[PDB]
$ cat input_1.cif   # mmCIF, C-alpha atoms and all ligand atoms
data_upload
#
loop_
_atom_site.label_atom_id
_atom_site.label_comp_id
_atom_site.auth_asym_id
_atom_site.auth_seq_id
_atom_site.Cartn_x
_atom_site.Cartn_y
_atom_site.Cartn_z
CA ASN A 27 62.42 62.51 72.27
CA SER A 28 64.01 65.53 73.92
CA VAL A 29 64.30 68.91 72.27
CA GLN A 30 68.05 68.32 72.00
CA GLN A 31 67.50 64.99 70.28
CA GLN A 32 65.01 66.63 67.93
CA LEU A 33 67.53 69.31 66.97
CA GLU A 34 70.30 66.75 66.46
CA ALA A 35 67.94 64.74 64.22
CA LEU A 36 66.99 67.85 62.25
CA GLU A 37 70.65 68.60 61.68
CA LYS A 38 71.29 64.98 60.68
CA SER A 39 68.54 65.17 58.01
CA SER A 40 69.65 68.62 56.87
CA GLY A 41 72.83 68.02 54.88
CA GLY A 42 74.52 70.87 56.74
CA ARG A 43 75.31 72.51 60.06
CA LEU A 44 72.59 73.96 62.29
CA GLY A 45 73.04 76.54 65.03
CA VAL A 46 70.25 77.44 67.42
CA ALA A 47 69.98 79.64 70.46
CA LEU A 48 66.65 80.29 72.12
CA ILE A 49 66.34 82.45 75.21
CA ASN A 50 63.07 82.12 77.07
CA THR A 51 62.66 85.39 78.92
CA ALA A 52 60.01 83.85 81.24
CA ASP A 53 62.76 82.24 83.29
CA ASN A 54 66.01 83.05 81.50
CA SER A 55 66.33 79.40 80.34
CA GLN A 56 68.04 78.55 77.06
CA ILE A 57 67.90 75.94 74.34
CA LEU A 59 71.38 75.82 72.75
CA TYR A 60 72.70 73.84 69.78
CA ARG A 61 76.22 74.60 68.47
CA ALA A 62 75.58 77.93 70.14
CA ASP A 63 79.26 78.77 70.68
CA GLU A 64 80.25 77.96 67.12
CA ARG A 65 80.84 80.64 64.54
CA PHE A 66 78.58 81.07 61.53
CA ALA A 67 78.58 83.72 58.81
CA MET A 68 75.86 86.21 59.79
CA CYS A 69 75.15 87.29 56.22
CA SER A 70 72.46 89.99 56.25
CA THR A 71 71.51 89.32 59.88
CA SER A 72 74.49 91.61 60.62
CA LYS A 73 72.37 94.56 59.46
CA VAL A 74 70.65 94.66 62.84
CA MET A 75 73.94 95.65 64.46
CA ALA A 76 74.63 98.41 61.91
CA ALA A 77 71.14 99.90 62.24
CA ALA A 78 71.36 99.71 66.04
CA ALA A 79 74.75 101.47 66.00
CA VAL A 80 73.14 104.42 64.20
CA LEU A 81 70.24 104.35 66.67
CA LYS A 82 72.77 104.55 69.50
CA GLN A 83 74.36 107.64 67.92
CA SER A 84 70.89 109.19 67.58
CA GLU A 85 70.44 109.13 71.36
CA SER A 86 72.85 112.07 71.54
CA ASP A 87 72.07 113.75 68.21
CA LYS A 88 68.43 114.68 67.77
CA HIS A 89 68.97 115.51 64.08
CA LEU A 90 70.69 112.30 63.04
CA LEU A 91 67.77 110.14 61.95
CA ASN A 92 66.51 112.86 59.60
CA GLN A 93 69.97 113.49 58.14
CA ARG A 94 69.94 113.29 54.30
CA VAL A 95 72.11 110.79 52.53
CA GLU A 96 72.68 111.11 48.77
CA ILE A 97 71.99 107.95 46.73
CA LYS A 98 73.98 107.64 43.50
CA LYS A 99 73.87 105.08 40.69
CA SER A 100 77.37 103.94 41.73
CA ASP A 101 76.00 102.99 45.18
CA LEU A 102 73.84 100.22 43.75
CA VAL A 103 75.11 96.69 44.33
CA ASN A 104 73.58 93.19 43.92
CA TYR A 105 70.22 93.68 45.74
CA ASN A 106 68.79 97.10 46.47
CA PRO A 107 65.07 97.27 45.76
CA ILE A 108 64.53 100.44 47.81
CA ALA A 109 67.67 102.44 47.12
CA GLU A 110 67.22 102.00 43.38
CA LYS A 111 63.96 104.00 43.69
CA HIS A 112 65.93 106.91 45.14
CA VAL A 113 68.90 107.25 42.82
CA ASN A 114 69.72 110.95 42.25
CA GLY A 115 67.72 111.83 45.37
CA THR A 116 68.24 111.43 49.11
CA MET A 117 67.12 109.05 51.82
CA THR A 118 67.32 109.86 55.53
CA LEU A 119 69.33 107.69 57.90
CA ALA A 120 66.01 106.49 59.37
CA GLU A 121 64.80 105.53 55.89
CA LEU A 122 68.08 103.70 55.30
CA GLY A 123 67.64 101.79 58.58
CA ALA A 124 64.10 100.85 57.52
CA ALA A 125 65.21 99.74 54.07
CA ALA A 126 68.18 97.76 55.38
CA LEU A 127 66.08 95.92 57.94
CA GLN A 128 62.66 95.55 56.33
CA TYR A 129 63.70 94.89 52.71
CA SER A 130 67.34 93.86 53.24
CA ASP A 131 68.49 96.59 50.89
CA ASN A 132 72.28 96.13 50.55
CA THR A 133 72.91 99.69 49.42
CA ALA A 134 71.14 100.86 52.56
CA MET A 135 73.40 98.65 54.70
CA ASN A 136 76.43 100.12 52.98
CA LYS A 137 75.27 103.67 53.68
CA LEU A 138 74.87 102.81 57.36
CA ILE A 139 78.35 101.31 57.48
CA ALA A 140 79.85 104.31 55.62
CA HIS A 141 78.11 106.73 57.94
CA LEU A 142 79.55 104.90 60.96
CA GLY A 143 83.06 104.95 59.50
CA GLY A 144 83.47 101.37 58.28
CA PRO A 145 82.81 97.76 59.30
CA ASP A 146 85.16 97.98 62.29
CA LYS A 147 82.90 100.64 63.83
CA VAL A 148 80.01 98.15 63.76
CA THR A 149 82.26 95.68 65.58
CA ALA A 150 83.10 98.38 68.15
CA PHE A 151 79.39 99.01 68.71
CA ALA A 152 78.76 95.29 69.33
CA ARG A 153 81.68 95.29 71.81
CA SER A 154 80.10 98.27 73.58
CA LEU A 155 77.07 96.02 74.23
CA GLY A 156 79.33 93.41 75.82
CA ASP A 157 79.35 91.18 72.72
CA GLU A 158 82.91 89.90 72.42
CA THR A 159 82.00 87.57 69.54
CA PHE A 160 80.42 89.58 66.72
CA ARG A 161 82.71 90.87 64.00
CA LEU A 162 81.93 92.83 60.86
CA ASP A 163 84.75 92.89 58.35
CA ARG A 164 83.24 93.74 54.97
CA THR A 165 80.54 95.73 53.25
CA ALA A 166 77.68 94.22 51.24
CA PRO A 167 77.52 92.03 49.28
CA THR A 168 80.89 90.47 50.09
CA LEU A 169 79.93 90.07 53.75
CA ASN A 170 77.66 87.20 52.53
CA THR A 171 80.32 84.94 50.98
CA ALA A 172 79.86 82.65 54.00
CA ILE A 173 82.89 80.48 53.26
CA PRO A 174 83.18 77.57 55.73
CA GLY A 175 85.69 78.37 58.46
CA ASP A 176 86.14 81.99 57.37
CA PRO A 177 85.93 84.12 60.54
CA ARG A 178 85.02 87.31 58.69
CA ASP A 179 81.50 88.63 59.33
CA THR A 180 80.67 85.89 61.85
CA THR A 181 79.16 85.46 65.27
CA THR A 182 77.79 82.59 67.34
CA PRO A 183 74.08 81.82 67.87
CA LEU A 184 74.35 82.45 71.62
CA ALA A 185 76.20 85.73 71.27
CA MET A 186 73.65 86.95 68.73
CA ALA A 187 70.65 85.81 70.79
CA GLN A 188 72.04 87.56 73.89
CA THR A 189 72.75 90.74 71.94
CA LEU A 190 69.40 90.66 70.13
CA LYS A 191 67.67 90.35 73.51
CA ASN A 192 69.70 93.27 74.85
CA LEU A 193 68.87 95.33 71.76
CA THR A 194 65.15 94.66 71.54
CA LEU A 195 64.02 93.96 75.12
CA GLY A 196 66.95 95.00 77.24
CA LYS A 197 69.59 97.47 78.17
CA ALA A 198 71.37 98.29 74.89
CA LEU A 199 69.37 101.28 73.64
CA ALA A 200 67.42 104.09 75.26
CA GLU A 201 63.67 103.61 75.00
CA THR A 202 62.82 105.65 71.92
CA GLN A 203 65.64 103.93 70.04
CA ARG A 204 64.77 100.43 71.30
CA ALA A 205 61.17 101.02 70.27
CA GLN A 206 62.27 102.10 66.79
CA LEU A 207 64.39 98.98 66.33
CA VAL A 208 61.47 96.80 67.39
CA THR A 209 59.10 98.62 65.04
CA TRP A 210 61.54 98.01 62.21
CA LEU A 211 61.97 94.30 62.97
CA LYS A 212 58.21 93.69 63.38
CA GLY A 213 57.66 95.21 59.93
CA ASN A 214 60.19 92.98 58.19
CA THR A 215 58.93 91.78 54.80
CA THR A 216 61.54 89.08 54.05
CA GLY A 217 60.89 86.48 56.75
CA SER A 218 57.54 84.81 55.92
CA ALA A 219 59.05 81.41 55.15
CA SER A 220 61.71 81.37 57.87
CA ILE A 221 61.22 81.39 61.68
CA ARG A 222 57.71 82.84 61.28
CA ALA A 223 56.58 79.78 59.26
CA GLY A 224 57.34 77.51 62.25
CA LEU A 225 55.17 79.51 64.68
CA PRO A 226 51.48 80.11 65.25
CA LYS A 227 50.31 82.55 62.54
CA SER A 228 49.01 85.09 65.03
CA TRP A 229 52.18 85.40 67.15
CA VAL A 230 53.84 88.76 66.76
CA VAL A 231 57.40 88.48 65.48
CA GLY A 232 60.23 90.83 64.65
CA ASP A 233 63.06 89.29 62.62
CA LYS A 234 65.97 89.82 60.27
CA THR A 235 66.91 87.19 57.66
CA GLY A 236 70.15 86.53 55.84
CA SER A 237 71.07 84.29 52.93
CA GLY A 238 74.46 83.84 51.35
CA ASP A 240 76.69 81.40 49.57
CA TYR A 241 77.20 77.88 50.92
CA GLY A 242 73.43 77.77 51.17
CA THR A 243 73.79 79.88 54.30
CA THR A 244 70.30 80.57 55.56
CA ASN A 245 69.79 82.59 58.71
CA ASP A 246 67.11 84.34 60.74
CA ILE A 247 67.19 86.12 64.10
CA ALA A 248 63.91 86.91 65.83
CA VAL A 249 62.09 88.23 68.82
CA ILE A 250 58.82 86.45 69.36
CA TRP A 251 55.84 87.64 71.44
CA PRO A 252 53.46 84.83 72.33
CA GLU A 254 49.86 85.72 73.19
CA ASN A 255 50.01 84.46 76.83
CA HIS A 256 53.75 84.16 77.52
CA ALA A 257 56.90 86.17 77.92
CA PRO A 258 58.98 86.82 74.79
CA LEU A 259 61.37 84.36 73.24
CA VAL A 260 64.55 85.38 71.44
CA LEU A 261 65.59 82.94 68.75
CA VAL A 262 68.61 82.66 66.47
CA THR A 263 68.57 79.97 63.77
CA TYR A 264 71.69 79.78 61.59
CA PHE A 265 72.26 77.13 58.92
CA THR A 266 75.06 76.53 56.46
CA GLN A 267 76.05 73.85 53.94
CA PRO A 268 79.25 72.41 52.52
CA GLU A 269 78.87 73.28 48.86
CA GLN A 270 79.24 76.87 47.57
CA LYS A 271 76.17 76.86 45.35
CA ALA A 272 73.86 74.95 47.77
CA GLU A 273 70.29 76.17 47.73
CA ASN A 274 69.15 78.20 50.71
CA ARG A 275 66.90 76.27 53.17
CA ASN A 276 64.45 78.50 55.00
CA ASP A 277 62.37 75.41 55.65
CA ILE A 278 65.13 74.21 58.04
CA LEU A 279 64.78 77.40 60.04
CA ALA A 280 61.01 77.05 60.24
CA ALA A 281 61.44 73.43 61.40
CA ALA A 282 63.93 74.43 64.09
CA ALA A 283 61.60 77.20 65.29
CA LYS A 284 58.73 74.73 65.59
CA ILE A 285 60.89 72.30 67.59
CA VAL A 286 62.10 74.83 70.14
CA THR A 287 58.84 76.71 70.65
CA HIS A 288 56.74 73.61 71.28
CA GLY A 289 54.65 74.02 74.44
CA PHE A 290 55.18 77.81 74.56
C1 LIG B 1 71.87 89.18 53.15
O1 LIG B 1 71.94 88.06 53.64
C2 LIG B 1 71.72 89.44 51.68
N1 LIG B 1 72.43 88.44 50.89
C3 LIG B 1 72.93 88.73 49.69
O2 LIG B 1 73.11 89.86 49.25
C4 LIG B 1 73.18 87.52 48.79
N2 LIG B 1 72.15 87.01 48.17
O3 LIG B 1 70.95 87.56 48.49
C5 LIG B 1 69.86 87.16 47.67
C6 LIG B 1 68.56 87.30 48.45
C7 LIG B 1 69.81 88.07 46.45
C8 LIG B 1 70.03 85.69 47.21
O4 LIG B 1 69.72 85.43 46.03
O5 LIG B 1 70.45 84.85 48.05
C9 LIG B 1 74.42 86.98 48.51
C10 LIG B 1 74.64 85.68 48.13
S1 LIG B 1 76.24 85.38 47.86
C11 LIG B 1 76.54 87.01 48.24
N3 LIG B 1 77.62 87.63 48.25
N4 LIG B 1 75.50 87.73 48.59
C12 LIG B 1 70.20 89.45 51.37
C13 LIG B 1 69.86 90.59 50.43
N5 LIG B 1 69.45 89.55 52.63
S2 LIG B 1 68.12 88.63 52.83
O6 LIG B 1 67.61 89.06 54.13
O7 LIG B 1 67.17 88.91 51.77
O8 LIG B 1 68.56 87.24 52.80
#

$ encode --input "input_1.cif" --output "structure tokens"
Amino acid sequence: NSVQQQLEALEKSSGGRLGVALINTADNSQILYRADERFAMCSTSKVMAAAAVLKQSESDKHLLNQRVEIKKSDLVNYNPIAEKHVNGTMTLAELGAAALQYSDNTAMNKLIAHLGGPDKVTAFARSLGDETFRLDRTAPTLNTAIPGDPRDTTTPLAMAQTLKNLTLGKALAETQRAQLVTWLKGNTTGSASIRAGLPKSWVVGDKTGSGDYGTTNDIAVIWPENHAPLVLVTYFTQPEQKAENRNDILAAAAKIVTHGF
């Protein structure tokens, strides 16, 4: 059956709602499934916050090494890196690395605070031509992922387009683009998500997110060995608040849409 039929069948088996957008940069073709529907981004939103700081750094050569004080009161629900630095400092670069590669929620919050609040992350997305993205809350409440809640949402297509712009395209000056890509490639949290649906030796940069309603997300740039890059967003969410997360669904979707590549 067709790729579309395969995705529909995956969603049917899934017990939830699947959103996929793949951009094949070889020919600019797309594989879209519920790609204009809103999903809670959860921690995939951290890419936008880190990139907003990278944009600022273009015009401030001291920004990435700027010290940020980490206090006990900054710790939240999940902060494996920031907890190592309580009573000390981390640089903005180190906070970007922790936010993206470990999904440290304290690090995300420091990025947001530095920028001046969630609305400034939204403004940065808008500056990239993304009319869809919105950040409304800090971590961890940005991961509540309540069905139909527009807060902290985007669509798979909007996020795939913006991720392509960020990592391979026109959003950031070169040094900054390269830094974002280095961060994403070194992600530690994505083994069982998109990466698990791909050949083991393909190079991937990604950012995961998991929240309530079993909301299980991953956004990736994928470099095949003999082909142009693919940009892939896989979002998944479920009807019940305490549903288990389902990274296996994301891996399955990735395998479906990258077949033949
Ligand atoms: C981002 O998506 C972020 N999610 C959370 O902080 C929530 N749970 O995360 C962990 C991994 C601890 C979990 O047990 O699911 C969460 C659930 S409900 C709520 N308000 N927050 C995590 C840290 N990012 S990820 O990339 O590791 O998924």

$ closest_residue --input "input_1.cif" --among "A:32, A:192, A:132, A:114" --to "ligand LIG 1 (chain B)" --atoms "only C-alpha atoms and all ligand atoms"
A:132

$ closest_residue --input "input_1.cif" --among "A:179, A:96, A:240, A:254" --to "ligand LIG 1 (chain B)" --atoms "all atoms listed in the file"
A:240

$ closest_residue --input "input_1.cif" --among "A:282, A:103, A:124, A:47" --to "residue 188 (chain A)" --atoms "only C-alpha atoms"
A:47

$ residues_near_ligand --input "input_1.cif" --ligand "ligand LIG 1 (chain B)" --cutoff "7 Å" --atoms "all atoms listed in the file" --output "ChimeraX atom specification"
/A:69-71,104-105,129-132,166-171,216,234-238,240

$ closest_residue --input "input_1.cif" --among "A:118, A:180, A:136, A:100" --to "residue 161 (chain A)" --atoms "all atoms listed in the file"
A:180

$ closest_residue --input "input_1.cif" --among "A:163, A:53, A:121, A:246" --to "residue 219 (chain A)" --atoms "all atoms listed in the file"
A:246

$ closest_residue --input "input_1.cif" --among "A:276, A:159, A:122, A:281" --to "residue 81 (chain A)" --atoms "only C-alpha atoms"
A:122

$ atom_distance --input "input_1.cif" --atom1 "CA of residue 144 (chain A)" --atom2 "CA of residue 46 (chain A)"
28.8 Å

$ residues_near_point --input "input_1.cif" --point "(64.7, 84.3, 64.5)" --cutoff "6 Å" --atoms "only C-alpha atoms" --output "list in words"
residues 221, 233, 246, 247, 248, 261, 262 and 263 of chain A

$ residues_near_point --input "input_1.cif" --point "(70.8, 72.9, 63.5)" --cutoff "10 Å" --atoms "only C-alpha atoms" --output "mmCIF file with C-alpha atoms, in the coordinates of the input"
data_model
loop_
_atom_site.group_PDB
_atom_site.id
_atom_site.type_symbol
_atom_site.label_atom_id
_atom_site.label_comp_id
_atom_site.auth_asym_id
_atom_site.auth_seq_id
_atom_site.Cartn_x
_atom_site.Cartn_y
_atom_site.Cartn_z
ATOM 1 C CA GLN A 32 65.010 66.630 67.930
ATOM 2 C CA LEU A 33 67.530 69.310 66.970
ATOM 3 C CA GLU A 34 70.300 66.750 66.460
ATOM 4 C CA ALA A 35 67.940 64.740 64.220
ATOM 5 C CA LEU A 36 66.990 67.850 62.250
ATOM 6 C CA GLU A 37 70.650 68.600 61.680
ATOM 7 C CA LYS A 38 71.290 64.980 60.680
ATOM 8 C CA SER A 39 68.540 65.170 58.010
ATOM 9 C CA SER A 40 69.650 68.620 56.870
ATOM 10 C CA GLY A 42 74.520 70.870 56.740
ATOM 11 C CA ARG A 43 75.310 72.510 60.060
ATOM 12 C CA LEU A 44 72.590 73.960 62.290
ATOM 13 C CA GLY A 45 73.040 76.540 65.030
ATOM 14 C CA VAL A 46 70.250 77.440 67.420
ATOM 15 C CA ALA A 47 69.980 79.640 70.460
ATOM 16 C CA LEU A 59 71.380 75.820 72.750
ATOM 17 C CA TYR A 60 72.700 73.840 69.780
ATOM 18 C CA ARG A 61 76.220 74.600 68.470
ATOM 19 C CA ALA A 62 75.580 77.930 70.140
ATOM 20 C CA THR A 263 68.570 79.970 63.770
ATOM 21 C CA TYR A 264 71.690 79.780 61.590
ATOM 22 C CA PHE A 265 72.260 77.130 58.920
ATOM 23 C CA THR A 266 75.060 76.530 56.460
ATOM 24 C CA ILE A 278 65.130 74.210 58.040
ATOM 25 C CA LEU A 279 64.780 77.400 60.040
ATOM 26 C CA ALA A 281 61.440 73.430 61.400
ATOM 27 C CA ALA A 282 63.930 74.430 64.090
#

$ residues_around --input "input_1.cif" --residues "residue 225 (chain A)" --least-positions-apart "3" --cutoff "8 Å" --atoms "all atoms listed in the file" --output "list in words"
residues 221, 222, 229, 280, 283, 284 and 287 of chain A

$ residues_around --input "input_1.cif" --residues "residue 270 (chain A)" --least-positions-apart "4" --cutoff "8 Å" --atoms "only C-alpha atoms" --output "number ranges by chain"
A: 173, 240-242

$ atom_distance --input "input_1.cif" --atom1 "CA of residue 203 (chain A)" --atom2 "CA of residue 84 (chain A)"
7.8 Å

$ atom_distance --input "input_1.cif" --atom1 "CA of residue 77 (chain A)" --atom2 "CA of residue 123 (chain A)"
5.4 Å

$ residues_around --input "input_1.cif" --residues "residue 145 (chain A)" --least-positions-apart "2" --cutoff "9 Å" --atoms "all atoms listed in the file" --output "list in words"
residues 76, 139, 140, 142, 143, 147, 148, 149, 150, 161, 162, 163, 164 and 165 of chain A

$ build_atoms --input "input_1.cif" --residues "region 163-182 of chain A" --atoms "N, CA, C and O atoms" --output "compact mmCIF listing (two decimals), in the frame of the given file"
# COMPACT_ATOMS: atom_id res chain seq x y z
N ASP A 163 83.50 92.70 59.06
CA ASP A 163 84.75 92.89 58.35
C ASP A 163 84.60 93.54 56.99
O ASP A 163 85.54 94.18 56.51
N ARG A 164 83.46 93.33 56.35
CA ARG A 164 83.24 93.74 54.97
C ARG A 164 81.90 94.45 54.81
O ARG A 164 81.00 94.36 55.65
N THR A 165 81.80 95.16 53.69
CA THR A 165 80.54 95.73 53.25
C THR A 165 79.71 94.68 52.49
O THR A 165 80.15 93.54 52.31
N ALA A 166 78.51 95.07 52.07
CA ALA A 166 77.68 94.22 51.24
C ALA A 166 78.04 94.44 49.77
O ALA A 166 78.31 95.56 49.35
N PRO A 167 77.97 93.38 48.95
CA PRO A 167 77.52 92.03 49.28
C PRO A 167 78.59 91.06 49.73
O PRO A 167 78.23 89.91 50.04
N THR A 168 79.86 91.45 49.77
CA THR A 168 80.89 90.47 50.09
C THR A 168 80.79 89.91 51.50
O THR A 168 81.28 88.81 51.75
N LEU A 169 80.10 90.62 52.41
CA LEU A 169 79.93 90.07 53.75
C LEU A 169 79.09 88.79 53.76
O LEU A 169 79.04 88.12 54.80
N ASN A 170 78.47 88.42 52.63
CA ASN A 170 77.66 87.20 52.53
C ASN A 170 78.34 86.02 51.84
O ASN A 170 77.67 85.03 51.50
N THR A 171 79.66 86.06 51.64
CA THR A 171 80.32 84.94 50.98
C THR A 171 80.20 83.64 51.77
O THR A 171 80.16 82.56 51.17
N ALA A 172 80.20 83.75 53.10
CA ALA A 172 79.86 82.65 54.00
C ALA A 172 80.71 81.39 53.78
O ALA A 172 80.23 80.26 53.87
N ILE A 173 82.00 81.59 53.55
CA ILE A 173 82.89 80.48 53.26
C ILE A 173 83.14 79.68 54.55
O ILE A 173 83.42 80.26 55.60
N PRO A 174 83.01 78.35 54.50
CA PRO A 174 83.18 77.57 55.73
C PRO A 174 84.52 77.84 56.40
O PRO A 174 85.57 77.80 55.75
N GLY A 175 84.47 78.13 57.70
CA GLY A 175 85.69 78.37 58.46
C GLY A 175 86.25 79.77 58.35
O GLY A 175 87.20 80.10 59.05
N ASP A 176 85.69 80.61 57.47
CA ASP A 176 86.14 81.99 57.37
C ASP A 176 85.57 82.74 58.57
O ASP A 176 84.36 82.72 58.80
N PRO A 177 86.43 83.41 59.37
CA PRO A 177 85.93 84.12 60.54
C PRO A 177 85.32 85.48 60.22
O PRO A 177 84.68 86.09 61.07
N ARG A 178 85.52 85.98 59.01
CA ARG A 178 85.02 87.31 58.69
C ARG A 178 83.50 87.35 58.78
O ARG A 178 82.81 86.43 58.31
N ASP A 179 82.95 88.42 59.36
CA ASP A 179 81.50 88.63 59.33
C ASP A 179 80.74 87.48 59.99
O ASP A 179 79.67 87.07 59.53
N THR A 180 81.27 86.99 61.11
CA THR A 180 80.67 85.89 61.85
C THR A 180 80.28 86.29 63.27
O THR A 180 80.76 87.28 63.84
N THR A 181 79.42 85.46 63.84
CA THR A 181 79.16 85.46 65.27
C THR A 181 78.70 84.06 65.65
O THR A 181 78.69 83.17 64.80
N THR A 182 78.36 83.86 66.92
CA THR A 182 77.79 82.59 67.34
C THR A 182 76.29 82.77 67.62
O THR A 182 75.83 83.87 67.91
